[PDB]
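Just the one chain here, the form deposited in one PDB entry, laid out as structure tokens.
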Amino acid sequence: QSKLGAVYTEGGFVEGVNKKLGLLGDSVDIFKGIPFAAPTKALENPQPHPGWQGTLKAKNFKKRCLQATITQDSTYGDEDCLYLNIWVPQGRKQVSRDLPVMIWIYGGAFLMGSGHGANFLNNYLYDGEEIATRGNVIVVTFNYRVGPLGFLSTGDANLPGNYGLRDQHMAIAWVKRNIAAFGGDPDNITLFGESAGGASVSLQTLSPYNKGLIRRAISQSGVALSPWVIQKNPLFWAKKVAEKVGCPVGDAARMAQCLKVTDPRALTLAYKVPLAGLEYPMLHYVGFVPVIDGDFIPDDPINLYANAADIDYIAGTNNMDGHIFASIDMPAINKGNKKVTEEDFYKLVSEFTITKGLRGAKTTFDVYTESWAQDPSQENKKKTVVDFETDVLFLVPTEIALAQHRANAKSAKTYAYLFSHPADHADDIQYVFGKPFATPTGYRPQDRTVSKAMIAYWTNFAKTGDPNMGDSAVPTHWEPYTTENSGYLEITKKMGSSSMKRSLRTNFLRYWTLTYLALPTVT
């Protein structure tokens, strides 16, 4: 009477686990390993999963999709990987009904990842329990295909790409059809995700495939407009894989069929991103990622924002988001006794600005090093390299997406945030998922303060489209973003009325969107 029991889904009955919480009757129903699509075929679109007899025991996480290990030496996962997981919070009087539903999409550069995430202190990163119970929402996590098996493409109908995006869409569609049986409101689905998962969230809101399926969305440190998201030259990367695995490269149709019958582990390990040193910046080796296929992604994403006109939207970034790519591109920023020089930074900047030639390199170098005259310290110079990568990879694309979403909004509300703290401790995921409460020995009181506020905003937003209005109190009134106010919430360990700010790095936003674009293209 206060828990779900066997749940009737379209494929048949599903039985999960009930976990009693606290002393006074609360609990949480946990389902792991519900199939939402058939066992996958290499480089083919996902298909419906056949129904089953009896009661499916949804007791354990299922295998992730076949992917390279972090050493890039071998693989793990399996072709049979399109499974999802559900947390349903339960009160002490009766079973929950009409709850907001939040669907998480993990990141990992479209190359790695699973629905449970990394395990640390006996706790999976994307364990939805804390969000679900603290926010009174349902949380869904799931697997999608990554790497070459998720995104290999010829740029044409022989191998159209975007298999992993279709996987995500199939999980969303399954949730819309089935989640009411678990106590969810299918008209109130919020997607949220980080990095590649935030770009995926963005792409799902822009795809006509999701018409009528999505109510709201949250992009964390990634949008469809980020430069690492759309592969402009997929045939080049498909040919690189073909050559490594022994497929001919003269005919696209012959190459595509050969790739489809190659050992999927060989496809997965065909290319390895060199650690160091690289000839180009890290951004250059972003390979197997979404493409404009004229189908799932019908056009350049900048042109698709009418599809999100009635999808409420949060988008934000982390203060130091670019530091991973910056550390690869300029290792000196790690070692305290190693200098970054004007010459090193010019070189990096010139790699990013090649299409506008010498002039574009200089104008960019000049604007980012303007402060180096008064402050030539290595602290300021290394911060400049990180801010540069953060701007071009995350912040500027996020600000353009916010402006595009606002300009196309009908009923949709738009919100912006900047997360500033103090894996790495500066990252937003662990606070969104409430890890400071799930493994409190690894965290300080101020961390639980931050996580409490983020879960309040996120789940208020899921419930109502208004991060300030819902089951939870918030520390700062989060004002909706407009072109006029260009406001963002700065999320930190102590928030108050001044945490609502405006015009984040607008001189740099204006440089990239007006000044740099006004420069003549060079060939």
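Quick note: we count residues from 1 along the sequence shown, nothing fancier. Just so we're on the same page, rigid core means the largest C-alpha set that superposes within 1.5 Å between forms.
Although it is not shown, the form deposited in another entry is what the next lines describe.
Residue showing a CA shift of 2 Å or more between this form and the one not shown (rigid core superposed; candidates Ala306, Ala253, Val367, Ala180): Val367.
With the core held fixed between this form and the one not shown, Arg97 has its Cα displaced by under 2 Å. A displacement of less than 2 angstroms separates the C-alpha positions of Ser503 between this form and the one not shown, with the rigid core held in common. Superposed on the core, the two forms barely differ at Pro227: its CA moves less than 2 Å between this form and the one not shown.
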